[PDB]
Structure formats: C-alpha cells, structure tokens
C-alpha cells in the first residue's frame, strides 16, 4: 500500500468551546498524525495553540445542550480532555440573506479524522 505522509490530515475554519467559559474560539484548525495545531487565523505566521492527542481522553458526539441556549448553533463532537469538555462543531450564525448552504459534513469529517489521528494516543482497549 502507498506509504506516504503528505502532512496535515485535516485543515479548515473550526470553532470550539469548553464547559467553563464557553468562549467559542474560531480559527484554522489543523490536524496531524501527532497533534492538532491551531492557527488563530489563515494569514497568521505562527500557531495559536497545539492540541496534543495525548491530552484527549475520549471522543463523543454532541449530546449535551445545557451550556448553549436553545438559539445557538450546537456542536458536532466533544473532546473530553484533562481540563474540560470540548465542544467542536458549527458556528452560531443563522440568518436570512445570501445563504451559504454548507455546514453538515465539514464538521463530521473532523469527528472521524480526529479520532483516526488520535489512534496513536495511549487510548488502547
């Protein structure tokens, strides 16, 4: 089988938040075979922060909707870490006028991707 590692497994604007401050953070999320980099922006030269697959404890699907109100785009998947419950998914922006028509698979891809890359983590059953 083809043995080649191009690099970043996933890349794209993604928003996330914890269950403490709920400060949804939007930035170019970058996933790799080691960790998930975070670029505050696209133009930026450096990276905002780095999410080591090691930190991740477990990955679950959006089930808890107590944090955000009934009128705020929920999340796709949660990355239970050793600090707080992550909430990665869609961003709060539901309004008429020139609709984008996109926001379903984009997130899904991550749920799986992240899980795949995290396969390296010490999470072995």
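FYI, residue positions are counted from 1 along the chain as it appears here.
Even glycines carry a Cβ here, placed using N, Cα and C.
Noted in the PDB entry for the protein shown:
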SEQADV    1-7  cloning artifact
SEQADV    120-125  cloning artifact
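What Swiss-Prot records for this protein:
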MOD_RES   17  phosphotyrosine
MOD_RES   48  phosphotyrosine
Look at each of the modified residues, 17, 48, and point out the one with the fewest other Cβ atoms around it within 10 Å.
48
Spacing of the two Cα atoms, residue 17 (phosphotyrosine) and residue 48 (phosphotyrosine), in whole angstrom, works out to 15
For the cloning artifact (1-7), the DSSP residue counts stand at 0 helix, 0 strand, 7 coil
